[PDB]
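Side chains included, hydrogens not; waters and symmetry mates left out as well; all remaining heavy atoms used. A, B, ... follow the sequence lines: proteins, then strands. Residue 1 opens every chain.
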Amino acid sequence: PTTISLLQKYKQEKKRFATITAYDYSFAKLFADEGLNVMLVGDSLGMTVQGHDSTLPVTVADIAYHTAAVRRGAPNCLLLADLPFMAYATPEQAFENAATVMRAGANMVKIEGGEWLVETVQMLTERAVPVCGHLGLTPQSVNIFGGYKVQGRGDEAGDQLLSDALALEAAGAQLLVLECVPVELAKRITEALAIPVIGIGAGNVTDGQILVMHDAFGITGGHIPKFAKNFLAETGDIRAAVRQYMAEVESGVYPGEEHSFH
Amino acid sequence: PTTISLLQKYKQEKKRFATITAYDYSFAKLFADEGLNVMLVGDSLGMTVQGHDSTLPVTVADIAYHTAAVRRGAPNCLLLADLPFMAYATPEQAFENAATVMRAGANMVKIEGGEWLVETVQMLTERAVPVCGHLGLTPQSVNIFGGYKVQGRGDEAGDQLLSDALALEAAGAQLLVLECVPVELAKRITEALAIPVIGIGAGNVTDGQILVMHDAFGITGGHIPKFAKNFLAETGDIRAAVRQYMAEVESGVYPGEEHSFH
Amino acid sequence: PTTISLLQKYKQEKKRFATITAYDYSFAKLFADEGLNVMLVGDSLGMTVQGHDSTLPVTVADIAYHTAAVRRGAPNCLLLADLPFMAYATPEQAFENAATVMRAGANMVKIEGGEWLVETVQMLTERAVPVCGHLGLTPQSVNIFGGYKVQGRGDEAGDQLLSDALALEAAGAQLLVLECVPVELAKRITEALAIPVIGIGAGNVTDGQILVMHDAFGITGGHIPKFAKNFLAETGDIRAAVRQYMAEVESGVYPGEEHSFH
Amino acid sequence: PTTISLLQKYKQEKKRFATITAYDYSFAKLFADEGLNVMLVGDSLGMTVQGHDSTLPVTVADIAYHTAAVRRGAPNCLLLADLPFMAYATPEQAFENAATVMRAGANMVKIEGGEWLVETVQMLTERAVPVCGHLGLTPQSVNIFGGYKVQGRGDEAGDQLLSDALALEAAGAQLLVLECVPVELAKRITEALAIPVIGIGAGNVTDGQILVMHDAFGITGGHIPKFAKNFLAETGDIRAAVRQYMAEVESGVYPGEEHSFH
Amino acid sequence: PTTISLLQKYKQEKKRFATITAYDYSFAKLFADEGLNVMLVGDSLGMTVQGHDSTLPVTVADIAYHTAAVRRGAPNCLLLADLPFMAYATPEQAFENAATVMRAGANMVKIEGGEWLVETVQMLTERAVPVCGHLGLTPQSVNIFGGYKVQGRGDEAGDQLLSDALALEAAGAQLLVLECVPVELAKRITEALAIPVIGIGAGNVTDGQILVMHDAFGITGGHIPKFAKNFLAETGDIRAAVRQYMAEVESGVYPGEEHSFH
Amino acid sequence: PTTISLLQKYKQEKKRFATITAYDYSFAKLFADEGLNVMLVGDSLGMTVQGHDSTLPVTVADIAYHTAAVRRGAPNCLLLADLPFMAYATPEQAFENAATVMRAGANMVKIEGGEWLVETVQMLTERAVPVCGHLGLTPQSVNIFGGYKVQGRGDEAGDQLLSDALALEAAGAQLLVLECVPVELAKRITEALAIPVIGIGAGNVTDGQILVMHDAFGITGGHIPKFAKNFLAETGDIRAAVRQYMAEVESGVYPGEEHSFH
Amino acid sequence: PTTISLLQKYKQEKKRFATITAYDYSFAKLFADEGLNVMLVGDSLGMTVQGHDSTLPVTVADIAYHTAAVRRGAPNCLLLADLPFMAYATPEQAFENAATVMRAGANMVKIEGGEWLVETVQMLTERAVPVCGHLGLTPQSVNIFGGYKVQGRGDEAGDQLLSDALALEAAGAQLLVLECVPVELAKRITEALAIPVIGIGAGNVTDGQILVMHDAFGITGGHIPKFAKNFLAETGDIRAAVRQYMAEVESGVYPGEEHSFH
Ligand SMILES: CC(C)(CO)C(=O)C(=O)O
Ligand SMILES: CC(C)(CO)C(=O)C(=O)O
Ligand SMILES: CC(C)(CO)C(=O)C(=O)O
Ligand SMILES: CC(C)(CO)C(=O)C(=O)O
Ligand SMILES: CC(C)(CO)C(=O)C(=O)O
Ligand SMILES: CC(C)(CO)C(=O)C(=O)O
Ligand SMILES: CC(C)(CO)C(=O)C(=O)O
Ligand SMILES: [Mg+2]
Ligand SMILES: [Mg+2]
Ligand SMILES: [Mg+2]
Ligand SMILES: [Mg+2]
Ligand SMILES: [Mg+2]
Ligand SMILES: [Mg+2]
Ligand SMILES: [Mg+2]
């Protein structure tokens with residue numbers, strides 16, 4: 001079975017690895033059959049699956065529904081499940097909601113934010129729940145930011161994110177997702193932290209990559225995000241698209257400069 | 001907004017029309033944007049979405065969840081939603097369950113079965129719920145049949161299906177799905193009924209066609225049903241696949257003889 | 001306190017009377033202060049208040065909420081409340097749901113449909129619930145009709161509405177709303193029935209009129225229904241618009257030919 | 001997957017087949033791995049699992065719990081689940097409770113009783129639920145008869161059982177269990193019915209056999225019933241015991257004369 | 001009845017004693033009838049009974065269901081019940097969930113972890129709940145560890161486990177389970193603690209032993225843990241297997257070197 | 001295990017038998033230990049246990065509570081449980097409430113009333129629920145009668161009770177309680193029925209007797225019912241008192257003339 | 001109405017007083033009629049009434065049920081009600097559960113334990129709940145002790161109980177139950193405390209006495225506890241037995257040396 005141990009090993013080897021979102025049996029099974037064995041059941045489903053204009057409406061029950069479907073499709077994958085908006089407002093609530101998504105199939109939970117989470121991370125880890133951190137453009141805070149804007153620009157913002165990343169790691173987070181930050185900051189965080197750092201919109205300097213699968217096969221309409229690539233476009237079939245994604249991540253061909261912020 | 005009126009116009013014009021399954025915002029919007037504006041939120045999602053070995057586990061709440069998602073994706077489509085297993089066991093229950101899915105965004109409910117449903121259909125239509133019939137291989141009854149097997153062969157079984165189709169029409173059904181029957185029988189039913197008849201594994205003699213989108217884009221693992229076609233394999237991206245499907249249904253190229261039973 | 005018996009009087013006197021929808025304290029109080037004393041808490045609120053594309057999502061609790069608010073603003077009005085989509089699917093269900101809106105402040109419930117409702121109307125009236133019928137374009141059935149289309153054209157459809165109107169009356173309906181039918185049919189129904197007939201898109205030949213207040217008093221966007229008139233445009237203030245509406249109904253100036261179907 | 005189709009085929013070929021009770025993953029998997037592919041999740045669990053002195057306390061939720069566990073262990077088996085005491089008192093209840101156990105993983109429900117069940121069976125099968133009848137000794141009626149004794153002795157009782165068997169088959173039951181009746185009667189019934197008949201305490205003249213697993217491995221201990229055999233003996237191999245049971249049923253040597261009543 | 005007082009007496013006399021998991025009436029009764037009077041209703045049932053790939057899905061209500069069953073079969077046994085994943089995340093939750101399993105028939109609750117549980121253990125005991133600790137490989141933490149791996153290797157690890165064992169004893173725990181630890185560490189802890197230490201994968205140096213009964217008595221099959229023994233294979237019948245397990249524990253023949261980690 | 005079969009044998013031997021009410025473990029155990037093996041968990045507990053001035057407040061849940069307690073005390077007794085006031089108002093409700101008390105440990109349910117119950121009794125018995133009838137002074141109807149009064153005096157009332165007794169027997173009732181009627185009438189009913197008739201206030205002409213145990217040991221204050229006898233008296237031994245009640249029922253000494261109505 | 005103030009006066013007077021358990025209307029009224037005016041609705045009902053082998057299954061709802069019944073029988077008695085197992089695990093839970101039994105008719109609540117309870121007792125009394133303490137053999141802790149064993153022997157344990165007693169008093173407890181301790185310890189505690197101490201198995205040195213009514217009339221089977229006396233055997237009837245109990249408590253004849261521990 002694919003474990004957190006394996007990703008830590010890949011970091012020690014400087015072997016860049018691919019990860020992907022998934023929300024149903026069919027895609028989860030397709031990814032697993034191609035050897036893409038790290039999947040995130042993310043509250044991005046609020047948008048790509050449910051059709052809301054933010055991730056805030058997603059509930060813990062919604063995550064648990066999609067987590068079970070993904071687990072059925074990929075019984076041996078490493079499965080990260082988001083805790084959605086206001087599902088980790090106190091350590092007690094975090095314990096309850098983490099347990100719901102883990103009992104539904106997840107191996108790890110992902111929660112958004114910085115140093116305020118330290119206690120929650122320490123206590124979750126102690127209670128058998130592995131935690132993936134999430135910094136930068138954390139979409140649950142879209143209303144605070146006033147939009148989906150690049151974070152971590154400026155010495156002060158950058159320095160806050162570095163210290164948050166170190167705090168989460170010291171609290172026991174075993175992975176970190178870094179979203180839409182300058183590549184120069186992503187490199188600094190990746191070098192500073194012993195745990196694996198998984199980037200989206202953070203350039204090819206991270207230890208791993210994530211993408212929303214709907215951007216990845218041009219299912220999503222309009223212009224895809226700057227940081228995303230349609231791998232279906234130039235393979236012909238979805239399985240081939242998956243394999244191209246895996247190989248470009250490992251070689252560092254993806255993300256390219258065109259997919260990165262500064 | 002596409003309505004049942006439009007499909008009745010197409011039957012009168014002998015313009016064969018394509019319809020497709022859909023279970024989320026992203027696919028629903030893609031379909032609508034390409035001009036495919038009849039979608040079924042079917043209990044097939046029990047298999048393709050949830051990963052069960054049959055459609056039986058799918059609940060009314062599941063259908064409602066997926067219905068609301070599809071409706072956000074395709075605000076103007078004609079949206080058919082299945083009533084799942086044991087959700088129409090009595091007229092009263094049918095009323096309540098139909099209402100749930102209609103409030104969630106459906107314009108019509110689809111239910112499986114023949115003559116025994118006549119009272120239910122009459123009453124539903126009085127109560128503002130349009131009904132699509134479903135005859136032939138009705139997958140909710142997979143345990144009765146002992147598998148997914150072709151129905152309607154031989155004069156007795158064929159005559160009964162014709163009888164059932166006319167009965168459902170007389171009860172107020174405004175559409176009918178015929179699944180996995182001889183083309184010959186599909187032709188008789190299509191010519192006998194004034195309402196539009198939508199086929200899947202019924203050949204190209206029906207007024208319209210349906211397929212599960214997961215087979216259409218090659219997502220599903222293994223070898224696809226004889227009656228299905230992977231359109232993504234010949235077109236290369238998903239939107240062009242959708243347009244090829246629309247075109248080939250209209251020209252009668254799909255289903256071909258190879259997709260048909262006798 | 002305005003009662004059904006006052007309306008019945010007005011018909012005997014051939015005094016045409018105005019009625020209006022209302023969904024909150026402020027407008028209800030404004031209308032009452034102007035002497036517009038017949039209000040409908042209708043499932044139109046699903047669209048004009050809630051913002052859905054149909055009335056179907058409206059619940060009995062929604063109706064009861066608005067009903068209480070309207071009653072607080074207009075303690076002496078004749079208050080009709082709609083039973084919404086699938087809230088009267090059986091007589092038992094109709095009893096429970098009628099009772100909820102009446103306990104919340106309604107004097108009378110309005111239900112949509114023809115002959116199939118006779119038993120329900122008989123039984124409701126027996127159990128102390130006055131009933132207003134609703135024929136023609138009955139908006140809960142929009143999916144059956146395939147849109148908001150004029151009903152009652154041609155001899156058969158006209159004969160069915162006239163017969164349905166007489167059957168609801170015989171069953172104990174004390175009022176009837178007729179919506180979007182030819183004026184000539186509205187005239188025949190109004191003349192055939194002893195109970196008052198309130199028209200909307202039925203021309204000026206009915207005993208009374210109704211309008212959604214958002215259309216009447218200049219709030220609704222784009223092009224209001226063809227049968228509606230903006231009374232605020234040519235009176236300047238909402239109270240004057242209310243008085244003009246009342247006056248023009250009584251004089252038969254509203255609805256005009258421009259607001260009428262044939 | 002083993003289906004009702006396959007057992008019907010076995011009857012047509014005169015290939016006697018084994019079936020067994022199961023209530024958890026570990027035993028269901030052991031059985032499936034030996035090719036013993038028909039499993040009964042019966043209310044007998046009330047005694048062997050729960051430890052009550054009767055099956056009456058067993059609930060529909062209990063059956064669904066055990067059903068899901070057996071289905072995990074044996075994904076491809078034909079899984080019969082009992083409806084327990086008072087879970088089929090009306091057709092409407094039978095529909096609800098049958099649906100629960102089938103959604104949890106059953107392929108067919110087993111209900112005890114004769115001719116009074118005909119309507120229920122007819123309506124279940126319409127509504128996609130296969131039914132296994134159960135005649136002879138029917139343990140849910142223990143307080144009626146005041147014990148567990150051999151049924152069908154004498155002409156009147158025997159003729160009544162044959163009549164009930166034919167009536168259940170005519171109503172749509174696709175399988176029948178006969179429990180503790182004379183071999184001669186079991187032969188009459190098996191020969192009269194086109195559907196397969198599965199015996200326990202009915203001798204080797206039936207199409208198939210059932211036993212309680214807890215008796216089959218000497219788990220229960222004490223005096224095992226006359227009709228049962230401990231296959232484990234002193235072999236120290238449960239898998240070998242299962243194989244021996246399957247083989248003795250197929251050859252017709254189990255049940256022996258010593259396990260039979262006249 | 002068998003009590004904690006008895007096991008404390010056994011440790012004083014240096015009589016090593018056998019304990020076993022049980023989850024139903026039939027096996028509990030069998031074990032009691034052979035004199036094996038200490039039973040654990042463990043969250044191992046998630047895997048052996050329910051068929052999940054981990055213990056995390058097991059609920060408090062599941063534990064309570066199986067506890068009542070075992071108590072029916074073994075009215076006089078000492079009955080330990082696990083609190084499952086996240087059922088003791090705070091003292092208050094531990095109180096509530098412990099009380100549930102104790103009311104259902106347990107004499108004592110087992111919880112996994114070290115120093116962080118001291119306050120919970122202290123408070124549980126004040127509130128009438130005896131506690132069994134559990135150190136070493138604690139299977140609810142499978143996702144933290146990344147698998148089922150041997151714990152306590154090296155100086156820092158072994159010292160920490162000794163410290164935690166003494167800490168749990170001082171907090172009031174009356175028993176300790178030690179799982180998959182080097183034999184030498186198990187001997188250090190066993191000699192340091194006054195309370196009985198029960199081993200699994202800890203060698204024969206503990207005061208007693210535990211195993212999952214499905215592994216021990218031949219149901220799991222060829223793949224049982226390294227530290228387990230199939231006692232049925234060499235004894236022929238399940239009762240004789242139970243007696244052999246009891247005897248070999250007491251003689252120190254089981255566990256052997258082949259079952260032990262260093 | 002005492003069964004209805006035994007009582008039926010006793011009638012055939014003309015061996016009169018004692019029965020008693022019980023509502024807790026201790027008295028049930030005491031009774032069982034003396035061989036008083038037929039107990040009623042009666043809605044009389046509304047008065048003797050709960051302290052109400054009538055039995056009407058007793059709920060099904062109350063009966064089930066007391067039933068389980070009596071069953072724990074007397075595992076082998078024949079245990080009748082009353083369905084309380086309005087717990088058998090329709091056959092469907094009777095099935096649900098009977099099931100509840102049978103699952104809690106009852107072998108048979110008792111319900112009050114005559115011919116209007118025929119369908120309920122037929123259907124209960126068909127669904128594995130043995131029924132005891134109850135005629136004469138049926139205390140749930142105290143408000144109808146305007147108190148606790150002797151029933152069946154006069155030809156018309158007497159004839160109706162005889163008709164009712166025969167009707168209930170023919171419907172499938174297996175026992176009948178006859179309460180506070182003329183001895184003369186009790187003799188007719190007893191001779192006319194094949195099933196056993198248990199008297200209270202019916203004289204010594206019935207097949208058996210029942211009393212409220214609180215009257216039977218001079219626990220109840222005031223003057224006890226004319227028909228009751230305090231067997232404890234000044235003997236200082238409740239067990240001796242039980243044996244005396246049993247002995248006097250069988251010899252015919254109790255009830256005496258003094259305890260009888262004419 | 002008997003109050004706590006009365007018992008405090010009896011302690012000053014050294015007038016030893018009897019108390020008794022009661023769980024129903026009939027015994028409560030009997031006790032009140034004889035002037036035995038202090039009653040405990042104890043969790044002992046778990047054994048004597050419900051038939052469990054310990055008091056742990058008893059719920060707050062059970063206490064409240066029996067509490068209302070006793071209050072109906074004895075409107076003017078001083079009514080103590082136990083908080084059962086884990087009903088006072090935190091102060092906040094104690095408040096809620098104490099209020100439930102007080103609203104049901106209790107005047108005071110009894111809770112088991114020593115110094116750990118001080119905050120709970122202080123806060124309960126502040127919030128209008130009088131508290132009775134309970135030390136020595138506290139039956140909710142049977143699993144901790146390994147049975148029902150005399151407590152307080154030897155100086156360590158004795159001194160600890162005296163300390164706890166004084167601590168509960170200083171916290172606001174208004175009464176104390178002492179159970180199964182040496183007589184000389186009961187004397188030390190009774191003399192050190194200003195509040196009344198009620199003994200059971202504590203000898204005649206306490207200010208009052210408690211007995212389980214089922215032991216007091218020889219209802220309980222077998223050989224009653226050493227500290228109990230069957231008062232009925234020598235008095236003939238239950239009221240005389242109650243009067244003898246009262247008298248022998250006041251004279252100091254009960255408990256005798258034979259009912260005492262050392
Ligand atoms: C896309 C990503 C990795 C960043 O928000 C995510 O967290 C999600 O899918 O929900
Ligand atoms: C595609 C079809 C018609 C197959 O039964 C369907 O109903 C579904 O998608 O659920
Ligand atoms: C608009 C009107 C009067 C007619 O549909 C109505 O019934 C409503 O407001 O809901
Ligand atoms: C084995 C059989 C058929 C006998 O009652 C059964 O029904 C059960 O296991 O519950
Ligand atoms: C397997 C064992 C004995 C050790 O983890 C256990 O705790 C369980 O059975 O759940
Ligand atoms: C004893 C009797 C017959 C009194 O009606 C009874 O039914 C009861 O105890 O509830
Ligand atoms: C009699 C006493 C005081 C002994 O525990 C008691 O608390 C009870 O009856 O529950
Ligand atoms: Mg996310
Ligand atoms: Mg479908
Ligand atoms: Mg309306
Ligand atoms: Mg069964
Ligand atoms: Mg465990
Ligand atoms: Mg009664
Ligand atoms: Mg107590």
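The CG atom of G/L30 sits 9.0 Å away from the OG1 atom of F/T220 when rounded to the nearest 0.5 Å. Going from atom OG1 of G/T48 over to atom CZ of F/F27 covers 10.5 Å, rounded to the nearest 0.5 Å.
Proximity to chain F (any heavy atom under 4.5 Å) is restricted, for G/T235, to the backbone atoms N, CA, C and O. Contacts of G/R239 with chain F are made by side-chain atoms alone, with heavy-atom separations under 4.5 Å and no backbone atom involved. Using a 4.5 Å cut-off between heavy atoms, F/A233 touches chain G through its backbone atoms (N, CA, C, O) alone. If you measure heavy-atom distances from F/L232 to chain G, the contacts under 4.5 Å come from both the backbone and the side chain.
For F/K29, the NZ atom is loosely surrounded, since the number of other residues' heavy atoms within 6.0 Å does not exceed 12. Counting non-hydrogen atoms of other residues, nucleotides and ligands closer than 6.0 Å to CD of G/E92 gives a total above 12.
Annotation: G/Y65 is in aromatic contact with F/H66 [ring centroid separation under 6.0 Å].
Put simply, the side chain of G/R72 gets close to the backbone of F/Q50: a donor and an acceptor are under 3.5 Å apart.
Comparing G/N230, G/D33, G/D62 by heavy-atom pairs within less than 4.5 Å of chain F, the highest count is held by G/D62.
The nearest pair of heavy atoms linking F/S26 to G/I219 is CB-CG2, 3.9 Å.
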